[PDB]
Amino acid sequence: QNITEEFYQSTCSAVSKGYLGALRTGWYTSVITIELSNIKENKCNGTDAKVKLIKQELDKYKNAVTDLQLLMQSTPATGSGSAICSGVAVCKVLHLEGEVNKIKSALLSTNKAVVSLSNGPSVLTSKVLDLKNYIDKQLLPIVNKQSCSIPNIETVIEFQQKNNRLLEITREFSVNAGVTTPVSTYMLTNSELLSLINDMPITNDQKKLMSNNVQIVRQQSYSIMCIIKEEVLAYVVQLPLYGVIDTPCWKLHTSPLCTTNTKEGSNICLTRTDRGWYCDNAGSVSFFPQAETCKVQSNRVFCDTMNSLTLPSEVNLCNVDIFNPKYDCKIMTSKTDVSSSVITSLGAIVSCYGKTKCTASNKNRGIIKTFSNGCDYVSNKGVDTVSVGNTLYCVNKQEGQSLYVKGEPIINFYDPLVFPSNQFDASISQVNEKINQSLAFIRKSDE
Amino acid sequence: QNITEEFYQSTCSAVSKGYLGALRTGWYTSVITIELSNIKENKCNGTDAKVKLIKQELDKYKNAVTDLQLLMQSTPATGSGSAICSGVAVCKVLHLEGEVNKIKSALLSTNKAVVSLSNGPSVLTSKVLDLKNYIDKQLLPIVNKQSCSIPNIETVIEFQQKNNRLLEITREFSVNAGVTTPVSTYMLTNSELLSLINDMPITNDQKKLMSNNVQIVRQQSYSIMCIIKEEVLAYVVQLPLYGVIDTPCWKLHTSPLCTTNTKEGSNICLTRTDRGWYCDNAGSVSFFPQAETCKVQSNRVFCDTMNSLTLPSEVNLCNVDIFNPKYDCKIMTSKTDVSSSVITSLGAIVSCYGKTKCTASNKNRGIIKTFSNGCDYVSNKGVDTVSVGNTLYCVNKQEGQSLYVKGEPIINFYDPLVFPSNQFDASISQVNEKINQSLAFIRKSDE
Amino acid sequence: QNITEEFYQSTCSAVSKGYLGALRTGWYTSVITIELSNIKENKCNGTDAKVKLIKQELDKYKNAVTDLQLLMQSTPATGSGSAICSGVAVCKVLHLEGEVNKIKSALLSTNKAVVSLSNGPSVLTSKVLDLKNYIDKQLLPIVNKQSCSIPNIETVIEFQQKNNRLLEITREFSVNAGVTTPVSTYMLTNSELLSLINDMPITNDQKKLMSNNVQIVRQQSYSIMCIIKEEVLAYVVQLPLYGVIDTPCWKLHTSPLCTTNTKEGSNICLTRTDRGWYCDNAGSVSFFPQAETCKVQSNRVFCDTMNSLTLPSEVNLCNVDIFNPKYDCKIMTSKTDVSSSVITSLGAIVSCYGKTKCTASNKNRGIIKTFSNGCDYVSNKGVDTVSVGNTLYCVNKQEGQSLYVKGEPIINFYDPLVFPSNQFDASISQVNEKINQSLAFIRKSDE
Ligand SMILES: *[C@@H]1O[C@H](CO)[C@@H](O)[C@H](O)[C@H]1NC(C)=O
Ligand SMILES: *[C@@H]1O[C@H](CO)[C@@H](O)[C@H](O)[C@H]1NC(C)=O
Ligand SMILES: *[C@@H]1O[C@H](CO)[C@@H](O)[C@H](O)[C@H]1NC(C)=O
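In structure tokens:
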């Protein structure tokens with residue numbers, strides 16, 4: 026893992042390079058079945074406590090079954145509808161007549177089986193729980209008589225253990241309108257997930273990747289409820305396919321860059337916009353503005369292209385030349401010089417203004433650097449914490465090399481009188497045009 | 026269900042009509058009691074494992090009881145205080161002396177009972193768990209001797225099952241400062257909720273509505289902890305009363321509308337503001353800006369007026385004439401032409417700019433539409449996915465009719481030199497006044 | 026508890042005073058160990074149901090152990145890395161050879177013990193669960209033979225109870241990448257937390273404070289996973305140290321202040337910015353802009369300085385003189401006069417504009433106050449609810465004294481023609497300078 030960082034003194038921004046990205050570009054759906062028992066209440070003369078315990082657990086089984094039924098009778102729309149059409153397409157096929165009977169026959173003797181549906185896909189189905197065999201074989205002879213037979217206490221415990229997975233799956237599907245993410249161990253055990261990864265149409269290097277990051281895989285997966293019909297509970301798990309592997313990725317960090325005059329009210333500020341994760345993707349750059357869309361593990365990043373923006377690759381030139389014409393680099397302006405700090409991958413940017421006490425300390429040496437007014441940076445080599453005012457941040461102690469790219473702060477190139485200080489989604493060149501417009505009103509009204 | 030949609034080419038916005046709204050306007054509180062056992066530790070000479078299991082579960086019962094006590098001794102304020149005064153008013157009455165004794169007497173023989181409190185309301189109380197009868201009858205003869213009696217293994221399992229609901233209710237009330245939402249199956253089982261709906265002072269059509277959408281009802285309900293006193297645990301469930309039923313509701317979708325010049329830096333943008341859910345409400349329009357405030361089920365919408373804004377009904381004319389003087393329609397401006405798409409109820413708005421590759425595909429036919437630069441729309445009829453750059457969205461496959469309302473994009477009516485490009489919460493007429501002000505500075509400085 | 030409030034009619038803002046703050050300034054780490062059993066599968070000829078139940082629970086024990094191992098083999102970075149360096153420093157020491165053996169020896173006979181690590185700290189270690197003794201003593205004689213011995217049903221239940229805490233701790237550490245907050249009862253029981261508070265190097269008054277607010281303490285704590293190695297599961301709990309106790313704190317509430325002309329489009333608005341919690345802190349003021357960073361219990365506030373801004377104490381003069389030169393008080397401007405209300409600690413600010421029906425009611429008297437157009441305030445004395453349009457808010461019924469500070473609304477001091485209506489993070493003096501600039505263009509172009 027070659028993680029490196031670059032602080033640009035001129036724009037008060039840093040870029041953390043060297044990350045290998047795995048971008049989600051496709052979906053792999055799989056059908057998960059639970060064999061249920063079509064057992065209407067069959068209540069008999071019962072008294073001894075083992076029978077009461079069985080009848081109680083049996084009512085919890087019926088309530089979970091009717092709840093999954095009212096969940097499929099009326100399914101509320103979810143904010144995930146734009147990401148689940150593939151798994152939903154499998155559920156719509158399962159609703160066809162005879163289709164639940166097909167998977168019901170293929171999984172008659174085995175747990176796993178490939179099934180060609182009436183919509184063509186050769187989908188892979190599994191069978192993680194068998195309640196029809198247990199209730200109809202171990203319980204009906206106990207409840208299908210004039211008076212109930214006495215089950216042994218081992219059966220009471222075994223039925224509470226088996227029925228448990230059904231109750232938790234019904235709880236998640238009910239509170240989330242049939243669509244859950246991340247995918248829990250109740251929907252798919254770690255053992256079942258690794259077996260599903262092994263059976264995926266991916267390279268052996270991708271199976272090793274998803275198997276070594278199962279929690280991230282779970283967080284980028286969906287579990288979709290299909291149907292309860294004819295003693296079968298089926299639901300689709302939608303797993304990520306990372307069509308982009310090992311693509312270069314980097315993270316942009318930005319902090320306010322103000323002037324440091326001694327008279328308050330005479331200072332102007334500037335901040336680069338669009339901080340977050342950038343990855344090379346198909347001749348363009350995929351930008352992820354939201355913080356939860358990229359999970360990081362050491363050297364590696366796992367992003368979902370669902371919540372990304374597609375930018376031309378020239379967007380990276382804002383990191384090397386912000387005044388560069390191939391790309392209109394974006395900034396925001398204000399006159400709000402409040403001190404702050406940003407913890408980067410290998411150090412910390414500190415924007416210190418006013419009377420704020422900014423410093424960087426080592427746990428055993430004490431304060432090793434005092435920041436003056438302006439925007440500065442310190443590496444994690446020898447630094448443990450950074451204090452800005454009354455706030456103390458912890459520096460990431462990850463190994464890597466930092467580079468301080470010295471340069472004049474670009475905020476000094478601007479005349480304060482004509483500066484646009486109210487700008488939000490503004491470009492470097494847009495700001496220069498507003499300055500030419502305020503300068504033309506004085507050029508004409510001097511001549 | 027008559028769901029229809031209208032895309033306005035002129036403003037790059039769409040309106041999804043035909044939804045029937047159910048707006049929350051009132052609250053129905055109900056008291057939920059759990060009979061507890063005032064049993065101080067009564068530890069005796071115990072050794073056999075059944076006694077250990079009982080004593081362990083009994084300590085978990087005392088810790089849950091003392092935790093509910095420290096929860097009512099000091100109750101942290103919650143961000144829900146502006147929505148729970150009705151249920152809280154019932155809890156303040158329960159704290160009166162003799163009032164817990166009243167409900168304790170009315171529920172002596174039955175589970176449900178109406179109780180007239182010392183604040184007048186005829187409230188409906190229930191009794192979902194009876195631990196006083198079970199501990200004092202089944203457990204004290206086992207622990208109230210010199211040496212403990214041996215309980216059978218059926219009692220150990222039955223006590224872990226009954227004590228379980230207490231522990232989960234105490235967990236939710238403890239982590240949430242006594243106020244939980246949504247209302248879980250631990251606070252109120254699906255069986256108890258449907259019975260509470262049946263006993264509500266609502267029409268039979270509203271009971272069928274809440275009973276068919278119990279999860280949405282749960283998400284729009286509160287469970288408030290009252291008091292633990294004199295062998296009684298009481299808490300109030302605050303359920304929604306939908307005074308507005310079947311009111312017309314619609315959803316506004318907006319997307320950036322920019323000019324498409326070939327020289328970057330010469331383009332101006334405009335976006336309609338206030339996207340979200342609108343419902344007719346009491347001679348006005350209730351607007352819901354936040355995304356989680358309206359749950360949708362097929363044709364129907366369930367909103368809470370707690371987080372809504374009240375607008376004049378003329379706000380709908382921004383959908384028919386945005387240049388119309390009865391209402392100052394709102395826009396935001398910029399020069400940020402980044403491509404994007406919005407998945408609507410029956411199609412997709414696509415704002416394509418620059419070199420971005422925007423398209424709409426069918427699963428079996430491939431690309432069926434390529435968007436050019438500007439703002440456009442495509443219906444879900446025959447369309448499965450929409451790609452903008454490296455991002456792929458899924459189109460909602462819901463049945464309904466779309467209408468493409470052709471019209472000149474209003475961004476073309478604006479001169480770029482005098483356009484206000486930094487506007488956030490700006491009106492159509494506000495922007496026109498800023499244009500008259502920049503045009504007067506050139507009219508006077510030409511004459 | 027002396028809670029008081031002050032409404033400033035001139036700026037449409039209120040300040041709730043009298044709160045005693047407890048600001049987190051340090052961390053107290055403690056090591057929590059669980060003795061595990063290094064037991065490879067030792068599967069034997071087993072058939073009777075008690076053996077099946079044991080073997081099932083034993084596989085759930087191994088899966089939880091391997092999951093904690095893959096969690097420590099690859100630990101994903103978390143957004144909490146800037147707040148956990150202290151507890152992480154203890155985990156890095158535990159990874160040293162012989163260091164897990166040290167705590168393994170000190171806790172050989174007792175549950176609690178102070179341990180001097182190979183990094184100096186005298187840390188306090190505990191031992192909350194002993195699975196090595198239970199599996200190796202109660203289970204291996206049952207599974208380490210040619211054919212498995214029959215365990216009694218008491219052992220099956222006791223092992224499911226003991227193994228349970230391991231499975232829930234592994235679930236939380238797995239889904240959260242080894243760092244959880246708040247700290248659950250699974251990580252640390254209420255009994256263990258109070259005992260940890262008693263053993264803390266704090267005054268007796270701080271132990272009473274944290275013990276009376278354990279849920280807030282839990283919400284401001286972290287549980288960090290260390291290592292699984294040599295039959296020991298260790299994880300660090302990072303508890304808050306409140307170096308600031310009983311410091312004066314107050315909460316600023318702001319609401320839009322517009323003009324009330326009868327011709328729409330001629331009104332200008334202004335809103336004070338930086339609403340939230342303020343606390344005196346080390347010669348400065350700690351401001352908390354985010355809503356979840358301060359938990360309130362009656363009179364008291366518990367904040368974390370991690371997400372605060374440090375402001376000069378002159379920031380309070382925006383509450384007494386907003387036109388005052390020692391501090392540049394901040395405002396935002398617009399022309400968006402939409403009615404709204406803010407529920408304060410002791411009353412409600414109501415900003416009423418247009419045709420909106422704003423009122424304040426008592427539950428038994430009905431409407432007791434009708435607001436006219438402008439910004440106004442009403443105390444909670446005699447008031448239960450406040451209605452703005454179709455929205456009804458509940459007034460906090462907390463006891464305290466309100467003071468209505470009468471004054472001319474400052475929005476009336478501004479000429480509408482030259483007002484800057486697009487301002488976001490703007491100062492009072494910044495706005496005055498933009499007004500001098502628009503007035504100079506007319507002074508020179510009249511002369
Ligand atoms: C003003 O416009 C000219 C175009 O001739 C350009 O070269 C110059 O950079 C502009 N001024 C500023 C301050 O950007
Ligand atoms: C300028 O003001 C006049 C008022 O006489 C108005 O009719 C016109 O629409 C305004 N101009 C623009 C571009 O809105
Ligand atoms: C204009 O500038 C002068 C400085 O001489 C200042 O005193 C005055 O307050 C400014 N005007 C406004 C409206 O703030």
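Protein chains in written order, with PDB author numbering: chain F, 26 to 103, 143 to 511; chain F', 26 to 103, 143 to 511; chain F'', 26 to 103, 143 to 511. A prime marks a further copy of an entry chain.
Every residue gets a Cβ at the ideal spot worked out from N, C-alpha and C, and that includes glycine.
Problem - Distance between beta carbons of residue 223/F' and residue 82/F', contact taken as under 8 angstroms - result: About 5 angstroms; that satisfies the 8 angstroms criterion.
Exercise for the section: Would you please verify whether the beta carbon of residue 149/F'' is less than 8 angstroms from any beta carbon of chain F? Expected result: With 8 angstroms as the cut-off, residue 149/F'' counts as an interface residue toward chain F.
Handout entry: Sub-8 angstroms separation of residue 187/F and residue 193/F beta-carbons
Key = Against a cut-off of 8 angstroms, the Cβ pair of residue 193/F and residue 187/F comes out as no contact.
Handout entry: Closest by C-alpha distance to residue 365/F', when choosing among 95/F', 32/F', 41/F', 297/F'
Key = The option with the nearest alpha carbon to residue 365/F' is 41/F'.
Exercise for the section: Please indicate yes or no: does the CB of residue 499/F' lie closer than 7 angstroms to some heavy atom of ligand 2? Expected result: Within the cutoff, so yes.
Exercise for the section: Taking 8 angstroms as the threshold, find out whether the segment 428-439 of chain F' comes into contact with the segment 477-488 of chain F' through three or more Cβ pairs. Expected result: Fewer than three beta-carbon pairs drawn from the segment 428-439 of chain F' and the segment 477-488 of chain F' are found closer than 8 angstroms, and the two stretches are therefore not classed as touching.
Handout entry: Closest by C-alpha distance to residue 190/F, when choosing among 258/F, 58/F, 213/F, 228/F
Key = Scanning 258/F, 58/F, 213/F, 228/F for the CA closest to the CA of residue 190/F turns up 58/F.
Practice task
Return the CA-CA distance between residue 359/F and residue 301/F'', expressed in angstroms with no decimal places.
Solution key: Those two C-alpha atoms are separated by around 24 angstroms.
Handout entry: Nearest candidate by alpha-carbon position, reference residue 355/F', set 143/F, 286/F, 316/F
Key = The shortest Cα separation from residue 355/F' among 143/F, 286/F, 316/F belongs to 143/F.
Practice task
May I ask whether a heavy atom of ligand 2 can be found less than 7 angstroms away from the beta carbon of residue 437/F''?
Solution key: Because no heavy atom of ligand 2 lies under 7 angstroms away, the Cβ of residue 437/F'' does not count as near it: no.
Exercise for the section: Ignoring anything shorter than 4 residues or poking outside the segment 147-206 of chain F', list the alpha helix (DSSP H) runs there in chain order. Expected result: Unbroken alpha helix (DSSP H) runs of no fewer than 4 residues, entirely contained in the segment 147-206 of chain F', are found at 149-158, 163-170, 195-198, following chain order.
Problem - Per-residue burial, residue 353/F [other beta carbons within 10 Å of its own, 16 or more giving buried] - result: Exposed.
Exercise for the section: Let me know the secondary structure DSSP gives residue 433/F' once reduced to three states. Expected result: DSSP places residue 433/F' in strand when its eight states are reduced to three.
Practice task
Throw me the rounded Cβ distance for the residue 166/F and residue 179/F pair, which I believe falls under 8 angstroms.
Solution key: Rounded, the Cβ-Cβ distance is 6 angstroms, consistent with contact.
Practice task
Give the C-beta separation of residue 250/F' and residue 229/F' to the nearest angstrom, bearing in mind that I take them to be a contact with Cβ-Cβ under 8 angstroms.
Solution key: The pair is a contact, with the Cβ atoms about 6 angstroms apart (cut-off 8 angstroms).
Problem - Helix, strand or coil at residue 490/F'' according to DSSP, with G and I counted as helix - result: Residue 490/F'' falls in the strand class under three-state DSSP.
Exercise for the section: Mind the definition here: the segment 437-449 of chain F touches the segment 69-79 of chain F only if three or more C-beta pairs lie below 8 angstroms; say whether that holds. Expected result: No, they do not touch.
Handout entry: DSSP state of residue 361/F' mapped onto helix, strand, coil
Key = Strand.
Exercise for the section: From the DSSP output, in three-state form, read off residue 280/F'' for me. Expected result: Residue state for residue 280/F'' is assigned as helix, using DSSP reduced to three classes.
Practice task
Use the C-beta contact count for residue 491/F: other C-beta atoms within 10 angstroms, 16 or more gives buried, fewer gives exposed.
Solution key: The residue in question, residue 491/F, is buried, as its Cβ has 16 or more Cβ neighbours within 10 Å.
Problem - Neighbour list for residue 363/F'' in chain F, Cβ cutoff strictly below 8 angstroms - result: Residues of chain F passing the Cβ test: none, with the nearest at roughly 23 angstroms.
Problem - residue 289/F'': contacting residues in chain F (beta-carbon distance under 7 angstroms) - result: Result: empty, since nearest Cβ-Cβ is about 13 angstroms, beyond 7 angstroms.
Handout entry: Where residue 382/F' falls: helix, strand or coil (DSSP)
Key = Of the three classes helix, strand and coil, the one that applies to residue 382/F' here is helix, per DSSP.
Problem - Chain-ordered residues of the segment 240-273 of chain F with a beta carbon less than 8 angstroms from chain F' - result: From the segment 240-273 of chain F, only 241 have a Cβ closer than 8 angstroms to chain F'.
Handout entry: Closest Cα partner of residue 33/F' within the set 511/F', 454/F', 374/F', 415/F'
Key = Looking at the Cα atoms, 415/F' is the closest of the given residues.
Practice task
Have a look at the DSSP bridge pairing and note the partners of residue 70/F'.
Solution key: In the DSSP output, where bridge partners are listed per residue, residue 70/F' has 211/F'.
Exercise for the section: Identify the contact partners of residue 458/F in chain F'', using a Cβ-Cβ distance below 9 angstroms as the criterion. Expected result: By Cβ distance, chain F'' contributes 145, 146, 147, 148, 149, 150, 152.
Exercise for the section: Using 10 angstroms around the beta-carbon of residue 504/F, count the other beta-carbons present and answer buried if the total reaches 16, otherwise exposed. Expected result: Burial state of residue 504/F is exposed, judged by a 10 Å Cβ sphere holding fewer than 16 other Cβ atoms.
Practice task
Can you give me the start and stop residues for the beta strand (DSSP E) that residue 394/F'' sits inside?
Solution key: Segment 394-398, the beta strand (DSSP E) holding residue 394/F''.
Problem - Member of 397/F', 281/F', 452/F', 280/F' whose CA lies at the smallest distance from the CA of residue 474/F' - result: For residue 474/F', the nearest C-alpha among the options comes from 397/F'.
Practice task
Show which residues of chain F have a CB atom less than 8 angstroms away from the CB atom of residue 407/F'.
Solution key: In chain order: 145, 146.
Handout entry: Positions along the segment 70-102 of chain F' whose CB lies within less than 7 angstroms of some CB in chain F
Key = Those residues of the segment 70-102 of chain F' that come within reach of chain F (Cβ to Cβ, closer than 7 angstroms) do not exist; the list is empty.
Exercise for the section: Answer yes or no: does any C-beta atom of chain F'' fall closer than 8 angstroms to that of residue 490/F? Expected result: Not closer than 8 angstroms to any Cβ of chain F'', the Cβ of residue 490/F fails to qualify, so no.
Practice task
Flag residue 496/F' as yes when its Cβ comes closer than 7 angstroms to any non-hydrogen atom of ligand 2, and as no otherwise.
Solution key: In this structure, ligand 2 has a non-hydrogen atom nearer than 7 angstroms to the beta-carbon of residue 496/F'.
Handout entry: Residues within the segment 404-437 of chain F' neighbouring chain F, beta-carbon criterion of under 8 angstroms
Key = Listed by position along the chain: 404, 407, 418, 419, 420, 427.
Problem - Three-state class that DSSP yields for residue 269/F' in the structure shown - result: Of the three classes helix, strand and coil, the one that applies to residue 269/F' here is helix, per DSSP.
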